[PDB]
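There are 4 protein chains.
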Amino acid sequence: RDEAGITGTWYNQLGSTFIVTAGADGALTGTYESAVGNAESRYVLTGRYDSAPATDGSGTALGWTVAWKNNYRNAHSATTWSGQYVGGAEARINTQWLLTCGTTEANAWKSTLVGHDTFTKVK
Amino acid sequence: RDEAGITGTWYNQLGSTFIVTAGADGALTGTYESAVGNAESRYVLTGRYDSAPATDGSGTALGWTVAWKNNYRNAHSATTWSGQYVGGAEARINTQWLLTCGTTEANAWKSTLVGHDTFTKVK
Amino acid sequence: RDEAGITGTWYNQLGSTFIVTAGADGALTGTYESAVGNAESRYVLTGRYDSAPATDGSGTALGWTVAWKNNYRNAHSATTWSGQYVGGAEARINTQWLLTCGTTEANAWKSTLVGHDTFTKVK
Amino acid sequence: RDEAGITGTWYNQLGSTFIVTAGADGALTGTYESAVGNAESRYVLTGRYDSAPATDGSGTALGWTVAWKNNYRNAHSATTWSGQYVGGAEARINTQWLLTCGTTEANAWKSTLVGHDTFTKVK
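Chains as they are written, first to last, in PDB author numbering: chain G, 12 to 134; chain U, 12 to 134; chain S, 12 to 134; chain R, 12 to 134.
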């Protein structure tokens with residue numbers, strides 16, 4: 012249990028801010044603020060993490076979702092991050108993500124972006 | 012608002028069962044039961060959806076996460092689905108997903124599977 | 012060796028046409044014509060396939076690339092398909108793909124689409 | 012045209028070596044040696060790149076495939092890298108990749124890994 016290790020404020024390589032609380036039972040709750048794209052201010056996030064990881068030096072699997080609707084903007088889109096927490100002096104969350112736009116059927120082939128974000132506790 | 016359209020039981024092409032409730036504010040909550048892999052019985056899911064989609068025939072963006080720990084098994088892994096709800100007589104949720112395993116650093120290159128699931132309200 | 016099984020004309024769910032020759036040594040060469048996007052007429056493709064697959068009922072791994080430049084248009088982008096050939100009366104090539112646009116550094120986060128195409132020998 | 016910029020030896024973060032020649036017409040040809048996985052020595056690669064990129068500071072889209080069969084080993088799998096070349100004093104190729112294994116139909120859900128590699132001209 013990395014409940015303590017995961018809870019807090021994280022920053023990615025784009026300068027986005029991910030604020031999360033890890034629950035004892037596996038829940039992730041918080042807010043996400045993107046430095047890029049059709050986004051302003053904070054958005055609700057929720058997700059899950061493995062609350063009883065392997066003790067063999069493996070990371071801790073987790074994921075979360077943001078739907079890009081808040082009181083300011085609606086980008087008609089959602090991102091999910093899937094990744095792992097790695098603890099220690101340079102803790103990180105290493106993720107891959109999928110961002111789906113709501114599209115017509117004709118445009119569904121071009122609905123989903125993929126990328127990768129690495130989160131740290133500094134900067 | 013597809014709060015009503017999205018809430019309920021869905022089935023994918025693998026025979027997995029996704030039971031979800033859509034909240035007015037954008038929340039998704041429920042359970043997931045995989046027909047395949049290192050899984051048994053139900054797992055908690057959470058996610059988000061666009062509660063005010065475009066009215067131009069576009070789908071409704073959404074996503075959710077399952078961490079593959081329950082009272083029965085722990086697969087030290089998490090899947091996120093990112094996709095869109097499309098309503099009407101043959102409603103569907105069309106997704107792409109990322110499944111991350113907790114791994115050592117040496118094995119992190121091989122940590123993440125990607126695939127695609129389509130959910131329907133029958134079968 | 013599925014040199015014979017793979018060589019020929021294939022069609023995907025979008026109505027795109029993939030014309031390929033499989034070489035004895037593993038090469039794939041041909042042309043691709045997309046039914047969608049910033050594309051017209053045929054584009055060169057090249058790729059590779061496993062020329063000595065497992066004999067246990069497994070599929071045949073393969074992949075190919077199209078850069079979306081031809082004499083007609085230049086979409087400053089490239090798609091790679093990664094997948095497997097499955098032979099028999101309803102032969103198919105089942106793929107996932109990544110389409111990268113050339114972007115500025117500022118826009119690199121939004122450079123890559125992901126999707127999935129299934130190719131058949133009819134329609 | 013980055014025919015000159017792209018041709019040569021590149022190294023990724025895993026310590027893999029990618030040796031490529033860029034043709035005037037868009038072709039990529041060469042060899043790949045993975046530092047990790049079920050691989051030994053060099054494998055043939057082929058791919059494509061945009062031979063007439065935008066002149067607005069954008070990168071150069073490209074992709075390539077390796078099928079993991081050579082005289083030494085056959086991993087019954089293929090990787091495709093999709094990405095962009097960015098030139099200048101710290102030139103890089105930034106990619107996302109999909110590695111498909113040949114699988115039975117029952118196991119096709121777990122056939123494809125996704126990841127990201129960054130290639131540089133040093134180390």
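Don't be surprised by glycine CBs; every beta carbon is placed ideally from N, CA and C.
Closest in C-alpha terms to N118 (chain S), from the list G:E116, G:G126, G:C112, G:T111, comes G:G126.
Taking a Cβ-Cβ threshold of 7 Å, the residues of chain R close to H127 (chain G) are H127, in chain order. Spatial neighbours of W21 (chain U) in its own chain (CB-CB distance under 8 Å, excluding positions within 5 residues in sequence) are listed in chain order as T28, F29, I30, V31, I104, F130, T131, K132.
Nearest C-alpha to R59 (chain S) among S:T111, S:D13, S:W120: S:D13. Membership of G16 (chain R) in the alpha helix (DSSP H) is indicated by the continuous run 14-17.
Residue range 71-80 is occupied by the beta strand (DSSP E) that includes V77 (chain G). If only complete runs of 3 or more residues are kept, the region 15-59 of chain G shows the beta strand (DSSP E) at 19-23, 28-33, 38-44, in order along the chain. Only those residues of the region 97-108 of chain R whose C-beta falls short of 9 Å from the nearest C-beta of chain G are listed: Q107. For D61 (chain S), there is no enclosing beta strand (DSSP E), as DSSP marks it with neither H nor E.
By the neighbour-count criterion, in which 16 or more other beta carbons inside 10 Å mark a residue as buried, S52 (chain U) falls on the exposed side. With its beta carbon at least 9 Å from every one in chain G, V55 (chain S) lies outside the interface. Less than 9 Å separates the beta-carbon of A72 (chain R) from that of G113 (chain S). Per DSSP, the beta bridge partners of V125 (chain S) are S:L109. Per DSSP, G94 (chain S) is one residue of the beta strand (DSSP E) stretching across 85-97. In this structure, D61 (chain R) places its C-beta atom within 9 Å of the C-beta atom of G37 (chain R). For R59 (chain G), the residues of chain U that pass the 8 Å Cβ criterion are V55, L56, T57, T76, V77, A78, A89, in the order they occur in the chain.
Of the other Cβ atoms in all chains shown, fewer than 16 fall within 10 Å of the Cβ of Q24 (chain U); this residue is therefore exposed. The Cβ of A63 (chain U) sits closer than 9 Å to at least one Cβ of chain G. Judged by their CB atoms, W108 (chain S) and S93 (chain R) are nearer to each other than the 9 Å cut-off. The shortest C-alpha to C-alpha distance from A65 (chain U) to any of U:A89, U:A78, U:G98 is the one to U:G98. A distance below 7 Å between beta-carbons, with the five flanking residues on each side excluded, links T111 (chain S) to the following residues of its chain, in chain order: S88, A89, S122, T123.
Under the 9 Å criterion on CB atoms, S122 (chain S) is classed as interfacial with respect to chain G.
Within chain R, the residues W120 have their CB atoms less than 8 Å from the CB of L25 (chain U), given in chain order. A Cβ-Cβ contact shorter than 9 Å links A63 (chain U) with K80 (chain G). Comparing C-alpha distances from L56 (chain S) to each of S:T42, S:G16, S:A35, S:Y83 shows the shortest one belongs to S:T42.
Think of a sphere of 7 Å around the beta carbon of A72 (chain R): the chain S residues whose beta carbon falls inside it are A78, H87, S88, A89, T111, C112, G113, in chain order. Residue-level contact check: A38 (chain G) touches chain U, since one or more beta carbons of chain U fall below 9 Å from its beta carbon. In this structure, the beta-carbon distance from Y83 (chain U) to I17 (chain U) does not fall below 9 Å. Between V77 (chain R) and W120 (chain U), the C-beta gap is not smaller than 9 Å, which leaves the two residues out of contact. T91 (chain G) is positioned such that its CB atom lies no closer than 9 Å to that of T40 (chain U). If you draw a 10 Å sphere on the C-beta of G70 (chain G), you find 16 or more other C-beta atoms in it, and that means buried.
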